[PDB]
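Spelled out, the chains give:
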Amino acid sequence: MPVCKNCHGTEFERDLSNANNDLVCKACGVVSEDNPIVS
Amino acid sequence: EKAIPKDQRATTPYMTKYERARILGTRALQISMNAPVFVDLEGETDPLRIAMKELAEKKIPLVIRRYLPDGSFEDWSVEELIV
Amino acid sequence: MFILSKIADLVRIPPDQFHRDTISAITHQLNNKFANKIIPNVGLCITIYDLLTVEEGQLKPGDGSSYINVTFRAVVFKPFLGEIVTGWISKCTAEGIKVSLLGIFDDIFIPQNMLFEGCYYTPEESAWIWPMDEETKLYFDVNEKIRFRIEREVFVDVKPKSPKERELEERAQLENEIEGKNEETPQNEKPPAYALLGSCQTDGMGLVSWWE
Amino acid sequence: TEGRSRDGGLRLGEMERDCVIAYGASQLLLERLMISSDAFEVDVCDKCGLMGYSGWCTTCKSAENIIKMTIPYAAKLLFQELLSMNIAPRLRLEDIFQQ
Amino acid sequence: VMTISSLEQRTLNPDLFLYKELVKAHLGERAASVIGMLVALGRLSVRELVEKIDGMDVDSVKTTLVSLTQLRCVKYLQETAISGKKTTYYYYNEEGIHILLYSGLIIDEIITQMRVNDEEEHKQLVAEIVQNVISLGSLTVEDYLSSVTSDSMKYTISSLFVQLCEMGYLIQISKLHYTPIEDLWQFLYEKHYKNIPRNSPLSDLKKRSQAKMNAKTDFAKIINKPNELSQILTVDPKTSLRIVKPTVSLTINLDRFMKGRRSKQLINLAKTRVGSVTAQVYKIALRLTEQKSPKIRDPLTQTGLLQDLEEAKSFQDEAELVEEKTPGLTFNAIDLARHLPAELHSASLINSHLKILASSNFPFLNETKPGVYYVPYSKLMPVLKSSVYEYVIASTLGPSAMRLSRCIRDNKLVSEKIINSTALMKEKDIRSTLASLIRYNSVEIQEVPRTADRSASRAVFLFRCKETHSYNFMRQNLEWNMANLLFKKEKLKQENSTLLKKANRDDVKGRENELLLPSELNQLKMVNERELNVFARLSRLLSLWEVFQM
Amino acid sequence: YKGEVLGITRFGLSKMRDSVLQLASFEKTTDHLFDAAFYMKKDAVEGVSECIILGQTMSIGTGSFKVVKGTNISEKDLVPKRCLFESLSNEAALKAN
Amino acid sequence: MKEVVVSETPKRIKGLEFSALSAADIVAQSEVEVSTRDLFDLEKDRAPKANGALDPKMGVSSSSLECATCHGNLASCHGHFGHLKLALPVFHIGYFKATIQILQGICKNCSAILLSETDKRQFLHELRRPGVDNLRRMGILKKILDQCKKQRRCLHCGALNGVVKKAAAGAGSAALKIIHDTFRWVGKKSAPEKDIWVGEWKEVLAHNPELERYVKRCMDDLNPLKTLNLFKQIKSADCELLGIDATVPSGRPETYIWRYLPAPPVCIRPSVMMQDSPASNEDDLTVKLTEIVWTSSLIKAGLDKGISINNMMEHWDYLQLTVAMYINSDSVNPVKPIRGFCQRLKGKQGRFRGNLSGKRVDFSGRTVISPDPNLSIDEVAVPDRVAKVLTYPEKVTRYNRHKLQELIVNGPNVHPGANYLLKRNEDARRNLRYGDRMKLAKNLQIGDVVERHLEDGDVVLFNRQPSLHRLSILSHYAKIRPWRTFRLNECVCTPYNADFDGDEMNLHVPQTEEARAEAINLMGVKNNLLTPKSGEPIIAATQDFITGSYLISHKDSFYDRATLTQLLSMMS
Amino acid sequence: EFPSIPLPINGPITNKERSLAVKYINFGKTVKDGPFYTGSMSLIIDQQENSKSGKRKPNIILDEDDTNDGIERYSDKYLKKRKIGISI
Amino acid sequence: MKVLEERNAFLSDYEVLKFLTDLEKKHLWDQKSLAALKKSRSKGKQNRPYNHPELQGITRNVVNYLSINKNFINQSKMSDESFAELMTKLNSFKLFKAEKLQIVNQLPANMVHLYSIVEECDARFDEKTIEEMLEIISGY
Ligand SMILES: [Mg+2]
Ligand SMILES: [Zn+2]
Ligand SMILES: [Zn+2]
Ligand SMILES: [Zn+2]
Ligand SMILES: [Zn+2]
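Every chain here is numbered from 1 following its written sequence, a scheme that can differ from the numbering in the entry; residues without coordinates are not drawn. To read the labels, note that chains go from A and ligands from 1, taken in the order they are written. These chains belong to a larger assembly; the numbers reported describe only the chains shown. Hydrogen atoms and water are omitted, and side-chain values are computed over all heavy atoms in the structure. Residues with missing side-chain atoms are left out of burial classes, side-chain pairs and their counts.

In the PDB archive, cryo-EM is given as the structure determination method for this entry, at a resolution of 4.0 Å.

Set out below in structure tokens:
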């Protein structure tokens with residue numbers, strides 16, 4: 001969960017717009033993961 | 001396997017549209033990988049469009065490797081080829 | 001580094017190097033691809049000599065970079081059977097004394113081959129004392145030019161790295177962070193392609209050829 | 001996914017991918033069924049070249065003859081559900097540039 | 001898991017592993033893949049080996065073939081289809097691989113029983129005169145004796161050759177044994193069919209009976225040609241009243257030693273049975289009997305002419321008739337007293353031999369006659385095979401499985417409910433031993449439908465015998481046991497090669513001071529005890545496999 | 001062309017080909033793979049219906065020829081430079097030894 | 001100064017060697033030996049840590065759960081197999097007809113392939129021909145697979161043979177017993193086997209006088225304990241005559257009987273959590289593999305414990321049926337079919353006909369179409385409500401650096417902008433609308449794959465999903481207009497067969513610079529003026545255009561100079 | 001694992017099980033060292049009915065049977081007499 | 001990366017020292033800060049050449065190693081005219097090859113290295129050649 005590159009241990013927010021909804025960090029902006037996988 | 005010289009050339013020298021479909025795509029992908037161009041641009045950038053422009057000026061530094069079922073591979077240059 | 005051994009290679013040049021000529025781009029890639037790399041059965045490289053009979057290089061549809069296959073001669077590290085080369089001492093231990101060199105390689109540590117003498121370790125800041133009772137009782141301190149007698153090429157290089165031992169090592173990287181005296185993992189390093197013996201050390205500058 | 005509800009997905013194939021075969025498009029039909037869909041990293045080998053996990057093949061204890069090539073994930077899913085019962089689909093590797 | 005469980009060699013090739021696992025330890029690196037490709041496919045030509053294995057071109061394949069030819073691990077065939085190109089086609093031979101199995105306990109068994117030439121420390125020459133013949137294949141005296149500079153021992157070596165070739169053991173002319181047994185029958189049948197066209201209108205009886213009787217008598221004189229010969233000829237031209245000629249190449253190990261070895265097995269059978277003075281008499285009787293006995297391998301049926309017709313009963317009729325006719329062997333106690341044991345009712349030896357020889361009957365050993373003059377065996381070797389199998393299955397687990405197998409065989413294939421009558425326990429241990437026996441493929445199952453529908457709930461079960469498939473299963477099991485044992489011993493060789501070789505190089509004159517540290521002394525002694533243990537178990541496992549061979 | 005009038009049905013298209021992927025994924029995928037695995041057919045992937053699965057370029061259409069770039073070698077990078085010790089191997093390396 | 005680097009080489013997949021699992025390399029790729037009462041496959045509320053059915057050393061398919069040797073997640077762990085111990089083995093239902101073939105070509109006593117020695121070499125000659133086909137191998141093997149049925153007795157053993165058949169008639173997988181009717185080919189001869197067969201049923205006076213009265217027939221079964229040890233003396237001198245070559249270690253018919261069950265990974269089968277109700281899914285194949293562990297454990301306990309042989313045969317026939325309806329299902333049924341490794345490969349929803357050949361691609365959109373004449377026939381009008389969600393990557397190449405800097409500094413809210421960006425260093429996907437935008441538009445290194453919005457002049461794909469002919473995927477250009485319905489033109493309506501009756505028709509975009517020119521130079525609308533069935537033009541115009549040009553140029557439409565002036569200016 | 005016992009006991013104190021395994025090791029020493037001295041010429045010129053192997057065997061008259069040790073001793077004497085550059 | 005030949009040609013001193021010098025001519029002879037503190041110098045000879053991954057280690061860590069290895073007990077140049085006669089003049093008698101490799105590599109001072117290189121100097125070969133074939137050492 002705190003896996004990131006520029007910062008460490010920040011909060012996260014899945015996107016609401018563009019039908020993209022990836023789990024992204026704050027204040028620099030890095031997805032820090034793959035695409036979302038849901039069932 | 002055999003390097004057949006320029007004497008035989010057992011293939012019609014016309015230009016298949018599939019050949020130019022490959023050449024324009026490969027040239028546009030090379031220019032998108034920061035290759036230098038051989039044509040004078042006009043303040044625009046689209047590698048497909050300047051690939052067409054370099055086709056119009058006939059300055060593509062490539063060569064065609066038309067395969068045969070026996071392994072002849074028959075080198076054909078871009079400049080010495082009828083469009 | 002006394003050879004011009006010939007090796008083949010497959011070279012990927014980047015597409016932004018097309019403005020530069022081929023004989024410099026292949027030279028660039030083979031310099032920064034074979035700088036210091038010990039090839040198995042070959043040895044350590046330094047640089048590339050020239051190019052030989054390079055043909056037309058193919059072009060993969062998935063990447064678009066030019067893939068040119070070449071063949072060339074290059075300077076690798078293969079001495080003779082009886083090479084007598086000279087470095088000097090920079091490190092002292094108890095079992096043996098490895099000799100150093102001004103930057104080509106480091107791990108040429110010598111075993112306990114006969115050598116007619118040998119103490120436990122260094123008592124009074126003198127690594128090897130050579131009494132030879134009662135002739136030539138001199139010794140040598142650090143930075144003494146030592147010529148040593150090489151053995152064959154002992155180039156055993158193994159890659160036994162399963163990922164289970166990899167995550168054991170990632171648990172052991174936190175051992176290196178803070179502790180008074182850990183010393184488990186940094187002393188165990190893979191010896192690179194050379195476990196080289198010697199039979200003479202000249203004991204300073206007063207010995208000629210004895211004890212082989 | 002399917003439809004519009006979850007996120008959505010618009011399939012092409014079984015009569016639609018054959019259209020660009022009838023045109024003769026090669027790299028579009030390769031890209032829009034491999035790269036845009038799923039770029040996966042199946043490791044292979046030469047001697048008994050089955051699949052492994054990035055550092056082995058687990059059917060031979062070598063960890064040296066491993067090529068990190070590219071593949072779609074649907075073929076990997078096929079290989080797992082295929083050799084999951086009783087078959088050994090081996091993948092031989094030919095050179096692409098020399099000879 | 002972690003490869004120490006030894007499963008990568010366990011549940012794989014049982015039969016095509018021993019025949020070329022031996023030559024890993026005997027021949028070497030490239031004379032093994034030839035057998036590994038030849039047994040695995042069968043019929044191969046010259047170029048087919050080269051296109052199969054990517055080891056070498058057609059140069060060094062010749063070296064392996066001419067190394068395995070005189071060792072008779074491979075037999076050839078030179079024939080054409082219709083046109084020409086007379087190339088050599090290749091089967092795989094089995095008798096040379098049997099020789100490479102049996103060699104040491106051939107040379108170490110023959111001395112105490114068969115060759116009674118001399119015993120005053122002649123072991124220094126038996127190994128030199130026998131192992132050099134196995135490891136080379138032939139025997140030419142003008143080139144083999146030329147290494148020996150002395151001439152006084154030459155007459156003794158010639159007398160050893162004469163008396164040892166009296167009792168077989170060396171095929172004299174050494175021709176035609178590189179030809180297949182099936183190919184001989186097909187070639188003789190084809191030749192004896194080509195001779196009669198344009199005759200009376202044929203039938204199955206006339207054509208089949210004429211061609212098969214001519215093929216049988218010609219194949220019989222062909223197989224009986226190398227058995228009895230007279231090549232030891234031209235007595236006393238200037239000296240040497242009994243000399244073997246050195247021109248003809250002379251091979252080794254006719255299967256009369258195999259006949260003698262199963263004879264020793266039958267002597268062990270008679271020793272564990274009644275008497276044992278019957279053993280001490282019948283050993284000397286049977287070691288004199290078995291020199292003229294019919295052969296185990298039994299040609300005229302090795303070729304696939306065993307069909308359920310008059311040919312099948314003719315084989316049993318031949319095995320009953322030829323065993324009485326062709327040896328003869330007019331043996332009595334007056335014949336036994338000529339070769340009489342030293343101090344073995346101790347006095348009055350001849351009438352005691354009469355009573356012991358007449359008392360060894362019922363069961364089928366030593367079938368007698370009022371005024372007997374021979375001894376048959378046709379229902380004694382299968383009894384030996386069954387008894388060895390039943391005491392092996394007694395060695396498997398307890399006596400109860402041996403009781404259960406013998407009672408299933410003896411009450412003639414009965415169901416399960418009456419087994420509790422002839423038993424000790426009611427239900428638990430009998431199902432336990434029947435489960436541990438039905439894990440083996442020796443006692444079968446039988447299913448009958450009750451409502452003409454296959455259901456595993458409404459069915460009654462009985463147990464078939466199926467002895468011959470159980471003998472084949474035990475044969476391949478013993479073969480796999482020998483192959484696994486020798487493969488583990490080859491691994492024990494190859495993991496400790498350099499410290500054995502370092503002592504093998506130059507420490508021979510310094511074996512007393514041992515020229516080494518006392519740790520590797522213990523290592524060499526421990527691995528030597530390991531090799532002694534492996535060969536000591538391999539001889540016993542080899543004999544137990546050797547019982548199951550017909 | 002195979003000799004008789006073959007069909008396009010599941011029995012006709014089961015003939016005429018070797019690519020067991022397109023032999024399988026047409027009308028009966030149940031045991032075409034099992035028929036290929038029991039007899040152990042070594043199928044060389046070269047076509048289109050078996051190259052869309054593995055994800056490689058097919059030999060029809062655009063992919064009938066592999067494009068290649070000329071390397072404009074002017075016969076200058078072919079001759080090497082001998083070191084100044086190689087005439088000595090003919091001078092004094094075979095002198096009565 | 002070690003830094004040793006091993007060279008790399010691109011390798012293309014050639015060939016596809018199908019074989020069978022040797023069941024000796026199944027312990028190589030093992031990673032688990034489950035076999036230990038896997039009915040408890042959840043550790044009392046949570047995911048287990050033992051062998052079980054689920055396994056931590058098999059991967060995950062969950063969000064925050066940890067997994068096997070690679071310590072990632074479902075995205076990183078490739079999956080790991082697992083073997084399964086067995087006693088009293090079981091036939092393969094997929095190789096069942098091939099088992100009939102390989103057992104009917106081989107006899108019962110010496111277990112040799114029954115051919116004459118000349119005929120054996122003959123078919124080894126005309127089977128090893130360098131010119132061979134799939135038709136040729138089947139046409140030789142099914143040609144040699146009648147003499148083994150036709151021949152009465154064997155080659156070099158004392159007994160005879162017969163017919164090998166499925167038991168009576170079964171298609172519901174109840175008659176899965178292989179029979180070898182030794183009789184039915186004898187007639188009135190060949191005494192000894194017939195003599196012991198008629199002498200076996202005479203000795204008992206207790207139960208056989210009603211057994212012989214009632215059943216009077218056996219046709220002996222060939223259960224896999226008989227079969228696997230009959231496929232062991234299967235000597236490879238003539239093993240190649242029935243298809244299988246003995247040149248690979250996975251080349252023996254012992255491996256065609258289930259000695260081990262490969263447990264598939266937990267990355268391939270889903271471990272779905274609660275779906276709007278607090279209950280775990282407990283996937284069907286996981287239930288079948290734990291139920292096949294439990295019956296093998298019951299056999300392993302009961303056989304050395306000692307139980308009844310009829311209950312043993314019932315439970316072991318249930319073992320034989322559960323594997324047969326676990327793989328290649330819907331042959332027995334004692335939504336209620338279960339899915340195994342045949343309904344995932346069957347058709348129209350499996351991994352052949354809708355998940356592999358036709359797969360759901362990315363970067364698409366589906367909207368109804370309105371007509372528009374005022375566009376040229378190379379352009380589909382892509383509205384900004386679906387053009388701002390549909391990107392195209394552009395690697396900066398020191399020529400469009402100013403334009404891409406403009407689209408970075410402009411922002412992803414308006415249409416000429418860019419959503420995501422990826423620099424030369426290994427980041428995942430750097431976003432624009434969350435972090436900085438001023439500082440980010442200053443460096444712009446060359447290795448920068450930035451995805452900008454679908455602007456004007458970009459090549460798009462466009463197709464109807466019912467596509468009857470080749471002229472369905474026509475590479476158009478882009479155009480940015482309001483009113484979110486699509487516009488293409490009306491002259492090219494004929495190949496799409498559109499009717500403008502609420503007819504949705506989706507579009508696609510290429511991704512790399514190769515396939516964009518591959519689309520526009522090979523599938524352009526200017527190139528595709530012809531249907532290839534006869535070579536006539538198919539895209540000229542449609543109904544209003546023809547019927548209005550007929551009114552323009554009838555014979556009697558004399559125009560004023562002002563009218564001709566306006567009408568000549570109003571075309572170009 | 002292993003439940004049973006197929007009774008292969010080792011009686012190593014017996015004379016015959018010592019001598020027979022010693023003859024096994026001696027037979028392995030004879031066969032693993034390859035052929036013997038010049039008595040294989042009879043094996044070469046057997047030639048029963050064999051055109052192809054009668055061409056094969058005079059090619060391998062000079063095969064590596066017992067001349068490898070003498071050539072190795074000559075190479076060791078030449079190396080002790082003078083230096084030579086070759087791989088080992 | 002496959003290998004075709006193992007010893008195609010073995011090298012020696014000054015010619016290869018000038019080869020490493022000609023590869024050192026990609027920058028300068030010694031100047032590192034005079035080109036880094038001035039304006040361009042042809043943009044620093046086309047914007048800081050190929051040295052970046054590890055290339056500054058090679059040829060720079062051995063140009064010191066080949067230069068000063070005289071091994072004299074105390075408290076450094078080759079030329080064309082001193083090696084062109086060294087290749088030819090020392091080719092006199094029956095002599096080996098690695099002997100001359102170490103002669104061209106290491107210069108013997110008076111007799112120590114000459115005794116060390118020549119194995120079986122007194123056992124195989126006779127006198128006076130230790131003395132007469134040593135006075136070409138003055139060619140530097
Ligand atoms: Mg409609
Ligand atoms: Zn962040
Ligand atoms: Zn592997
Ligand atoms: Zn994992
Ligand atoms: Zn049979």
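Asker: Help me understand the nonpolar core in this model?
Answerer: In a soluble, globular protein the nonpolar side chains are often hidden away together inside. If you look at the biggest cluster of nonpolar residues, it comprises 147 residues, and the most contacted ones within it are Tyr169(E), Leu170(E) and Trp258(G). For this analysis, residues touch if any pair of their heavy atoms sits within 4.5 Å. Residues within four places of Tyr169(E) in sequence aside, it is in contact with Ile110(E), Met114(E), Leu164(E), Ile252(E), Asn253(E), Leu254(E), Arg256(E) and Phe257(E). Among the nonpolar cores identified, the runner-up in size contains 138 residues, and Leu28(D), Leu93(D), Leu103(G) and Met523(G) belong to it. Throughout this description, the term nonpolar core refers to a set of buried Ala, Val, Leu, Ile, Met, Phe, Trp, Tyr and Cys residues connected via side-chain atoms within 4.5 Å. Partly exposed residues are those whose accessible area sits between 20% and 50% of the maximum for their type, while under 20% is buried and over 50% is exposed, using a 1.4 Å probe and protein chains only.

Asker: What is the right way to look at the interface of chain D and chain G in this model?
Answerer: Much of the literature gives interface size as the accessible area that the parts lose upon coming together. Tallying the contact residues gives 62 residues for chain D and 79 residues for chain G. Summed over both partners, buried area is the accessible surface (1.4 Å probe) that two parts give up on being assembled. Between chain D and chain G, the buried area comes to about 6,600 Å², and carbon and sulfur atoms account for 58% of it. Salt bridge, as applied in this entry: a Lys or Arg side-chain nitrogen positioned within 4 Å of an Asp or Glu carboxyl oxygen. At the junction of chain D with chain G, the criterion picks out five salt bridges. Salt-bridge contacts for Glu81(D) lead to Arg351(G); the nearest nitrogen and oxygen are separated by 3.7 Å. Within 3.5 Å is the distance limit for a polar contact, defined as a pair of N or O atoms, with the added protein rule that one can donate a hydrogen and the other accept it, and that residues adjacent in sequence qualify only through two side-chain atoms. Seen at the junction of chain D and chain G, the total is 23 residue pairs in polar contact. Only DSSP runs of H or I with at least four residues qualify as helices, and only runs of E with at least two residues qualify as strands; both kinds are numbered from the N terminus onward. If you list the elements that add at least two residues to the side of chain D that touches chain G, you get β1 (10–12), α1 (17–23), α2 (27–34), α3 (73–83) and β4 (93–95) of chain D. Here the element with the most residues in the side of chain D that touches chain G is α3(D); it accounts for nine residues.

Asker: Help me understand a positive patch on the surface in this model?
Answerer: A residue counts toward a patch only above 30% relative accessible area and without a salt bridge, and it is joined to like-charged neighbours within 9 Å or, for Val, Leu, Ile, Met, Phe, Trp and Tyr, to nonpolar neighbours within 5 Å. Accessible surface is estimated by sampling points in the Shrake-Rupley manner with a 1.4 Å probe; for residues, cover comes only from the protein chains shown. Neither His nor the chain ends is counted toward charge; the positive residues are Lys and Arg and the negative residues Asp and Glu. We put the charge of a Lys on NZ, of an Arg on CZ, of an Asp on CG and of a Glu on CD. On the surface, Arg10(E), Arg439(E), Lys488(E), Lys491(E), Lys85(G) and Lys300(G) cluster together into a positively charged patch. Structurally, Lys491(E) is set in helix α20 (residues 467–494).

Asker: Any chance you could explain the environment of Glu291(G) here in plain terms?
Answerer: All names here are of chain G. Checked against the element boundaries, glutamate 291 lands in helix α8 (residues 284–305). Along the primary structure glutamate 291 and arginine 121 are separated by 170 residues, whereas in three dimensions their C-alpha atoms are 49 Å apart. Leave out the neighbours within four places in its chain, and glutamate 291 touches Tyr318 and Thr322. Among the polar contacts listed, one links the side chain of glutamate 291 to the side chain of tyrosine 318, at a separation of 3.2 Å.

Asker: Whenever I open this one, the packing of helix α1 (residues 17–32) of chain B against helix α13 (residues 513–522) of chain G confuses me. Can you help?
Answerer: Fitted lines through C-alpha atoms give the axes, limited to the stretch in contact for helices. The angle between two N-to-C directions lies from 0 to 180 degrees. Across the interface, α1(B) lies against α13(G) with an axial gap of 8 Å and an inter-helix angle of 145°. Of the two elements, α1(B) crosses α13(G), and the hand of that crossing is right-handed. Here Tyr18(B), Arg20(B), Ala21(B), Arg22(B), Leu24(B), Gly25(B), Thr26(B), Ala28(B), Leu29(B) and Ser32(B) of α1(B) come into contact with α13(G), specifically with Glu513(G), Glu514(G), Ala517(G), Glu518(G), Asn521(G) and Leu522(G). Residue classes follow a fixed rule: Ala, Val, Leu, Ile, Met, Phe, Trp, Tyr, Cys and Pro count as nonpolar, while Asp, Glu, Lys and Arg count as charged, and any other residue, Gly among them, counts as polar. Of the residues assigned to the contact of α1(B) with α13(G), the class counts are seven nonpolar, four polar and five charged. If you view the pair so one helix is near and one far, a crossing is left-handed when the near helix is turned anticlockwise from the far one by less than a right angle, and right-handed when it is turned clockwise.

Asker: In this structure, what is going on with the coordination of the zinc ion (ligand 5)? I would like to understand it.
Answerer: Angles at a metal have ideal values that depend on geometry: 109.5 degrees with four tetrahedral donors, 90 or 180 degrees with six octahedral donors. Here the coordinating atoms are restricted to nitrogen, oxygen and sulfur within 2.8 Å of the metal centre, or 3.2 Å for Na, K and Ca, and because water is not among them the sites may look incomplete. At 2.5 to 2.7 Å from the zinc ion (ligand 5) lie its protein donor atoms, namely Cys107(G) (SG), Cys110(G) (SG), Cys154(G) (SG) and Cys157(G) (SG). Coordination at the zinc ion (ligand 5) is irregular: its four donor atoms span angles of 87 to 156° at the metal. Site shape is set this way: if four donors have all angles between 85 and 135 degrees, tetrahedral; if opposite donors are over 155 degrees apart and all others between 65 and 115, square planar for four donors and octahedral for six; otherwise irregular.

Asker: For this particular structure, what's the right way to read the domain arrangement of chain C?
Answerer: Residues and elements named next belong to chain C. Segmentation of the chain into domains, including their bounds, is taken from an automatic or database domain assignment. Here chain C is partitioned into domain 1 (1–79) and domain 2 (80–212). In this structure, domain 1 and domain 2 have C-alpha centres spaced 34 Å apart. Buried area between domain 1 and domain 2, summed over both chains or domains, comes out near 770 Å², and the portion from carbon and sulfur atoms is 69%. Of all residues in domain 1, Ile38, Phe77 and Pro79 give up the largest surface area on contact with domain 2, accounting jointly for 57% of the area buried on that side. At the boundary of domain 1 and domain 2, one finds zero salt bridges.

Asker: I'm lost on unusual backbone geometry in this one. Help?
Answerer: Where the residue is not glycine, phi is negative for most of them; where a peptide bond is considered, it is trans in most cases. Note the cis peptide between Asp133(C) and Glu134(C), where omega equals 5°. By the element assignment, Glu134(C) lies in the loop between β6 (128–129) and β7 (139–140). Cis peptide bonds are those with omega within 30 degrees of zero, and the linkage from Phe362(E) to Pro363(E) qualifies with 25°. Within the secondary structure layout, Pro363(E) lies in the loop between α16 (349–358) and α17 (381–396). With phi around 35°, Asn72(F) is a residue other than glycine that occupies positive phi space. By secondary structure assignment, the location of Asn72(F) is in the loop between β2 (68–69) and α4 (88–91). What makes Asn72(F) exposed here is its relative accessible area of 65%. Positive phi outside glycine occurs at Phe363(G), with the angle close to 60°. Taking the relative accessible area as the measure of exposure, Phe363(G) reaches 27% and is therefore partly exposed.

Asker: Honestly, the pairing of strand β4 (residues 178–181) of chain G in this entry has me stumped. Any pointers?
Answerer: Walk down a regular strand and you will see the side chains alternate between the two sheet faces. Residues and elements named next belong to chain G. The side-chain alternation of β4 yields two buried faces, one formed by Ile178 and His180 and the other by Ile179 and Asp181. Relative to β4, strand β3 (residues 163–166) runs antiparallel, the two sharing four bridges. Bridge assignment links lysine 166 to a residue of β4, and that residue is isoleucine 178. The pairing criterion for strands is at least two bridges between them, as found by DSSP.

Asker: Just to check I follow, could you spell out a nonpolar patch on the surface for this structure?
Answerer: On the surface, a nonpolar cluster with roughly 470 Å² of combined accessible area is contributed by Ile552(G), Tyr559(G), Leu564(G), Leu568(G) and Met571(G). Judged by its relative accessible area of 33%, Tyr559(G) is partly exposed.

Asker: Help me understand the pattern of salt bridges in this model?
Answerer: Opposite charge on two side chains permits them to pair, given that their charged atoms come into close proximity. For the structure shown, the criterion picks out 53 salt bridges over all chains. Each of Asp46(B), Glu394(G), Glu513(G) and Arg516(G) takes part in a single network of salt bridges with overlapping partners.

Asker: Looking at this model, I keep getting lost on the sheet that holds strand β7 (residues 379–381) of chain G. Mind explaining?
Answerer: Sheet strands associate in pairs through backbone hydrogen bonding, adopting either a parallel or an antiparallel arrangement. Within the open sheet, the five strands sit side by side as β6-β14-β12-β13-β7 (chain G). Their pairing is mixed. Pairing within the sheet leaves two strands with one partner each, and these edge strands are β6 (364–365) and β7 of chain G.

Asker: Looking at this model, I keep getting lost on the pairing of strand β9 (residues 418–422) of chain G. Mind explaining?
Answerer: Residues and elements named next belong to chain G. By the criterion of burial, β9 is predominantly enclosed, with four of the five residues buried. Pairing between β9 and strand β11 (residues 449–453): four bridges, direction antiparallel. Note that in β11 the partner of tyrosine 420 across the bridge is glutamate 451. Relative to strand β10 (residues 430–431), β9 is paired through two bridges, and the arrangement is antiparallel. Each bridged residue has a counterpart across the sheet, and for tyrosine 420 the counterpart in β10 is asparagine 431.

Asker: Sorry, what's going on with the sheet that holds strand β8 (residues 391–395) of chain G here?
Answerer: Residue and element names in this part refer to chain G. Taking strand neighbours across the sheet as the criterion, the four strands line up as β8-β11-β9-β10 in an open arrangement whose pairing is antiparallel. Whereas interior strands pair on both sides, the edge strands pair on one side only; in this sheet they are β8 and β10. Pairing of β8 with β11 involves five bridges; the strand directions are antiparallel. Opposite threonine 391, over in β11, you have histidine 453 as the bridge partner.

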